[PDB]
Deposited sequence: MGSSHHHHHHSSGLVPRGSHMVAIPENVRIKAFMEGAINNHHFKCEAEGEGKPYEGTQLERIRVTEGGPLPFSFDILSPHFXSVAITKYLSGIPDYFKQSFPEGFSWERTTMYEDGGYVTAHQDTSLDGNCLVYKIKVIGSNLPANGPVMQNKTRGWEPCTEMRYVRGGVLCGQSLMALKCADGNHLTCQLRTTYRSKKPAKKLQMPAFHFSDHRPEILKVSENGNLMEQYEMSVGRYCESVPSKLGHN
């Protein structure tokens, strides 16, 4: 009860260091193959005076290839849908909070996103546009207080060859009650967001992502643990 191919519509509203903007996205994904493409236009407040990379991971967790029979908390949540709240702390003091709602309308995923960022250094790589996109990352996921939690570390490539790192904490909340859901055991999700193309003078980004839900298979347990 999510189709194997869907449309995506997203609407973002936010502020980074008090610079307000809006975006709208139109795209498509394959929820069970874990692949998706979004064409994201900054409709208000652009071209942005800061790196678009900081917005990228706020623009799709129902689209994930879940391996090893791990229960899919997101796909299970339809038709009701879900939401999430995230906090991102950058190692240089940048601090980004976000809230998102996800619903499904026929074959269209609809996302509403609020992002507020503060305390980004004025002369850091984000405010100066010196960043070159994200490394892939792995997010840990586990159940806490009856909902799903995630955390990950991410690394942003910089022009000079450094990485700028951050820590993400997400609470995912199904709009179904807990007793209607099969909850997963502790596991991981890998993510790989990439900007494929920038046009309209920085106002139109084509962004691809793939994500995979799995246990750790590289290192087997001697105790039969996942």
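Quiz item: Which residue ranges of the deposited sequence are not present in the modelled coordinates?
Solution: Sequence ranges with no C-alpha atoms are 1-22, 82.
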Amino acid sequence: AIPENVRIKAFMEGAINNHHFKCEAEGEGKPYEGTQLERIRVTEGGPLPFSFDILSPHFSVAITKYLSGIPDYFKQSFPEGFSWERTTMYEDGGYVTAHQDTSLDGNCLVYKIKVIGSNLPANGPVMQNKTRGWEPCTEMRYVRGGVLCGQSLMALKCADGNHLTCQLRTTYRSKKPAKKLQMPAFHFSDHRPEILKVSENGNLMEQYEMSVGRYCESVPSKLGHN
From here on, numbers count along this sequence of modelled residues.
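Quiz item: Per the PDB record, is the mean Cα temperature factor higher over 184-192 or over 43-51?
Solution: It is 43-51 that shows the higher mean C-alpha B-factor.
Quiz prompt | Stretch with the higher entry mean CA B-factor, where the candidates are 124-132 and 140-148 | solution = Averaged over C-alpha atoms, the B-factors run higher in 124-132.
Practice problem: From the list 117, 106, 71, 81, select the residue with the highest C-alpha B factor recorded in the entry. | Solution: Max CA B-factor in the entry, restricted to 117, 106, 71, 81: 106.
Practice problem: Sort 63, 67, 158, 168 by C-alpha B-factor from the entry and give me just the highest. | Solution: Top of the list by C-alpha B-factor: 158.
Quiz item: Considering only modelled residues of the same chain, in which third does the CA B-factor of residue 213 rank: lowest, middle or highest?
Solution: Its C-alpha B-factor, which the entry lists for residue 213, ranks in the lowest third among residues of this chain.
Self-check item: Within-chain third of residue 177 by Cα B-factor, per the entry
Solution: Highest third.
Self-check item: Third assignment of residue 58 from its chain's C-alpha B-factors
Solution: For residue 58, whose C-alpha B-factor we compare with every modelled residue in the chain, the answer is the lowest third.
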